[PDB]
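One structure is given here, and the rest of the page talks about it.
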Amino acid sequence: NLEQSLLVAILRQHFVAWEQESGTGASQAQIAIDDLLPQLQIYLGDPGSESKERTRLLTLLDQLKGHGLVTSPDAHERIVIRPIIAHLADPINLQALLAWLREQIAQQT
Amino acid sequence: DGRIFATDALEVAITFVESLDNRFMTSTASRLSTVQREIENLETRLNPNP
């Protein structure tokens, strides 16, 4: 789903940062739930209720656990980004996605 | 954080209705005295001549 692919792109951005910092395969990539709420707040809009947007983010993450890209939040409100994400969004697939998104934008005009 | 609050857009609105009927008096002795003294103080602080 599109809104899921947006969160996928954000996760992939964090993963590339962590990977290029610590190298490839060194330990496990982790991200705190805190950093993900602001990122979505730019796109999905702000409902003025931390509880509701937190529930929305957790629902998105859970739906992504059904695809095997992330674990569920653990005690410290942190989530591991399973390395499978590196293959789900790679150059060819991103190029196709960009083409399709530009086509949709053109339709919108 | 689990607690509601009143945004500014309600602060102003409540400032409106509760000033319709019986708002506190502003034109008074105390307000004139206070602005008198404040005008005294601000002027003495701008011109830097010692």
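Protein chains in written order, with my numbering: chain A, 1 to 109; chain B, 1001 to 1050.
Every residue, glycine too, gets a C-beta built ideally from N, C-alpha and C.
Considering only residues of the same chain and omitting the five flanking positions on each side of residue i, which have a CB-CB separation below 8 Å?
i	result
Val8 of chain A	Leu64, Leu69, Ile85, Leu88, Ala89
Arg82 of chain A	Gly68, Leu69, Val70, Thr71
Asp46 of chain A	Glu53
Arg1037 of chain B	none
Whole-angstrom Cβ separation of residue i and residue j, contact assumed at under 8 Å?
i	j	result
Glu19 of chain A	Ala29 of chain A	7 Å
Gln39 of chain A	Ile79 of chain A	Not quite, the Cβ-Cβ distance comes to about 13 Å (not below 8 Å), so this is no contact.
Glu103 of chain A	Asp1001 of chain B	The Cβ separation is near 42 Å, so there is no contact.
For residue i, count neighbouring Cβ atoms within 10 angstroms of its own Cβ and tell me buried if that reaches 16, exposed if not.
i	result
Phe1016 of chain B	exposed
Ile42 of chain A	exposed
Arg12 of chain A	buried
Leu57 of chain A	buried
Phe1024 of chain B	exposed
Go through its chain and collect everything with a Cβ distance to residue i's Cβ below 6 Å, but skip five positions before and after it.
i	result
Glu77 of chain A	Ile33
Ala1006 of chain B	none
Between residue i and the rest of its own chain, which residues show a CB-CB distance below 7 Å, the 5 nearest in sequence each way excluded?
i	result
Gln4 of chain A	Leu60, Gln63, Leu64
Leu6 of chain A	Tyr43
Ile92 of chain A	none
Who pairs with residue i in a beta bridge, going by DSSP?
i	result
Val80 of chain A	A:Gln30
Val70 of chain A	A:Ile81
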